Amino acid sequence: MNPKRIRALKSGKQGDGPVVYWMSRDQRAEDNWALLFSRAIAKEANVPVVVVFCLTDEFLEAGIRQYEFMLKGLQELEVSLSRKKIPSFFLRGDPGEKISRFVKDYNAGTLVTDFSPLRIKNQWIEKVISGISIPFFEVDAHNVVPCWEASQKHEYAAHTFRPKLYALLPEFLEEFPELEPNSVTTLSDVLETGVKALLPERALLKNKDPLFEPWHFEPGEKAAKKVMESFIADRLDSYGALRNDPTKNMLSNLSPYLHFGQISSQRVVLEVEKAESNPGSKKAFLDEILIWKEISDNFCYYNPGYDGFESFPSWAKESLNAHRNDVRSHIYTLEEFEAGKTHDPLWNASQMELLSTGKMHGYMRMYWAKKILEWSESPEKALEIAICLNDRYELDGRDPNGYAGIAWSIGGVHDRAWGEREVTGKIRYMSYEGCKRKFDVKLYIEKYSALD
DNA sequence: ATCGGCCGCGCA
DNA sequence: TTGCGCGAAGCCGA
Ligand SMILES: Cc1cc2c(cc1C)N(C[C@H](O)[C@H](O)[C@H](O)COP(=O)(O)OP(=O)(O)OC[C@H]1O[C@@H](n3cnc4c(N)ncnc43)[C@H](O)[C@@H]1O)c1[nH]c(=O)[nH]c(=O)c1N2
């Protein structure tokens, strides 16, 4: 392995027990530097390796959609892990408390976890550390270049980062060694329970039939690769030319998978790098899964207040501040955005996409978020509403990409200043009639007339 | 260090 | 739609 992928959280004396992978971000058996390094740590100690996963009360914040998607992936995983002689454990409760006392009851010798920049994982690590005595290691198994090596600071923009990332690629774009099995050694309750809790929340139509359409993305690792293979076969060729067209389905659709870690962007890059297509579409594509995915981890990592206004740049703040007192053309409540009840049938279209399919088109996520700012009573409330709805309804929600992209949208983060307007100040602008020139908006709107 | 280099709209 | 030069605007980094 490349040792720069490991960062020791806590130094201690190794016990003669198992090596415990605390799986959290990367829910896949294959192409997992964290599970691979736990195996290795467990090989040269003549100890087994085990995976432990903590199911927290964070599901009641979102929807059945994300909760099945994650719990069906887990159920596949369990078989995969088990076929490698790796037992996998499922703790119901609070990582800080639960993993600690688990490390206790099993006499773990070493503790490993994947990397994730979201505030709450630092809280749980920091509590975990304060209650164990064995080494605690962290591995970046989500980014091609570990987040702390691509950049030490907050990168102001894509092209300040892009050079630093691309110097390090020859060294970190490597092949994955295969998970060598162990030599020595209840999820269906958890599903049916958690579903009965979420059920009063489900998004129904005027009739009981649920809004959510689950047949657009199957969960799991096996699914995730048939999406990557199909992309490379079918859509990668035209990606750079038709990605901004919400009517052609040319996106890679891999983002529900990556969020849950059911597939490795490192594998995707390896596979794309070796595919033969339009160079500009590889170039377009690598830049999203390479520069924009990982600058998003950098954003949350180096700015703990990423889900708030303060993390904007001083020009964006100063600008939005001066237009706090402007007269909003319209003002809608959260409930009114949430139900696609604005004057903008194109905007209600996109929210209709988000509502029923669980994934809004990459281009329309920009428009949808800017109009939220334009038609709310304050930037803070606009952030508050874009965050809530992105996370409540998007299958890829609750993700660094999420905050890094609402922050681009509402706040200039990783962007520049444009001509000054009412309400929006100097934040980039998007218009109905700018979409008219780029794609058949009449056709998007027709797709989604599920407003009942 | 000094300066290039990151949507909307007219027009053909 | 389909591409281009132009516009408004701030700041990094070489
Ligand atoms: C308002 C708003 C809200 C969100 C987001 C953007 C905006 C403007 N994003 C980011 C982006 O819009 C999203 O990754 C794509 O819609 C994912 O669809 P595909 O995987 O099909 O992208 P596509 O195949 O075109 O891109 C490939 C990959 O590049 C990365 N990427 C693309 N666009 C990016 C962006 N703008 N920022 C960061 N990484 C990017 C992702 O890893 C994506 O899987 C996001 N993404 C996400 O997964 N979860 C979320 O909750 C949000 N939230």
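All values below come from the heavy atoms of this structure, side chains included, with hydrogens, waters and symmetry mates left out. In what follows, chains carry the letters A, B, and so on, assigned in the order in which the sequence lines appear, proteins first and then strands, with residues in each chain numbered from 1.
One P atom belongs to C:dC6, the other to B:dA12, and the distance between them is 15 Å to the nearest Å. A gap of 25 Å separates the P atoms of C:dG7 and B:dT2, to the nearest Å. For the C1' atoms, the distance from C:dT1 to B:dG8 is 16 Å, rounded to whole Å.
Chain A approaches DNA chain B within less than 4.0 angstrom (heavy atoms of the protein), and the contacting nucleotides run 5' to 3' from B:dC6 to B:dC11. Nucleotides of DNA chain C with any atom under 4.0 Å from a heavy atom of chain A span, from 5' to 3', C:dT1 to C:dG13.
At a threshold of 4.0 angstrom between heavy atoms, the contacts of A:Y363 are confined to the sugar-phosphate backbone, with no base atom among them. Backbone-only contact: A:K153 has heavy atoms under 4.0 Å from sugar-phosphate atoms and none from a base.
A negative value of the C1'-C2'-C3'-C4' torsion places the sugar of C:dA8 in the southern pucker family. Sugar conformation, B:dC7: north. The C1'-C2'-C3'-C4' torsion carries a positive sign.
Nearer the 5' end of DNA chain C, as judged by each residue's closest nucleotide, is the contact made by A:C435, out of A:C435 and A:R416. Nearer the 5' end of DNA chain C, as judged by each residue's closest nucleotide, is the contact made by A:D245, out of A:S314 and A:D245.
The side-chain tip of A:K370 points at the ring of A:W408 from less than 6.0 angstrom away and within 45° of straight on. The cationic group of A:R324 lies under 6.0 Å from the six-membered ring centre of A:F309 and within 45° of the ring axis, placing it in a cation-pi geometry.
Residue A:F69 forms a ring-ring contact (aromatic ring centres under 6.0 Å, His included) with just one option from A:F59, A:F260, A:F212, A:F217, and that option is A:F260. Screening A:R365, A:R65, A:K359 for a side chain to side chain donor-acceptor pair (under 3.5 Å) involving A:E394 leaves a single residue, A:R365.
Minimum heavy-atom separation, A:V423 to A:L320: O-CD2, 4.2 Å.
Side-chain polar atoms of A:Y21 and A:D114 form a donor-acceptor pair below 3.5 angstrom. In this structure, a donor-acceptor pair under 3.5 Å is absent between the side chains of A:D31 and A:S264.
Note: A:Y363 and A:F439 have perpendicular aromatic rings, judged against thresholds of 30 and 60 degrees for the angle between ring planes. Using a 30° and 60° split on the angle between ring planes, A:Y239 and A:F285 fall in the perpendicular class, above 60°.
Between the side chain of A:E353 and the backbone N or O of A:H361, at least one donor-acceptor pair lies under 3.5 Å.
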For DNA chain B, the dot-bracket notation using Watson-Crick and G-U wobble pairs below 3.5 Å, [ ] for pseudoknot-type crossings and | for other-strand pairs, is .|||||||.|||
Exercise. Do A:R5 and A:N2 pass the side-chain hydrogen bond (donor to acceptor under 3.5 Å, both in side chains) test, and can you show the C-alpha distance, the side-chain angles, and the key distance before you say yes or no?
Worked result: CA-CA 6 Å; A:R5 299 183 184 282; A:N2 194 323; over 6 Å; no
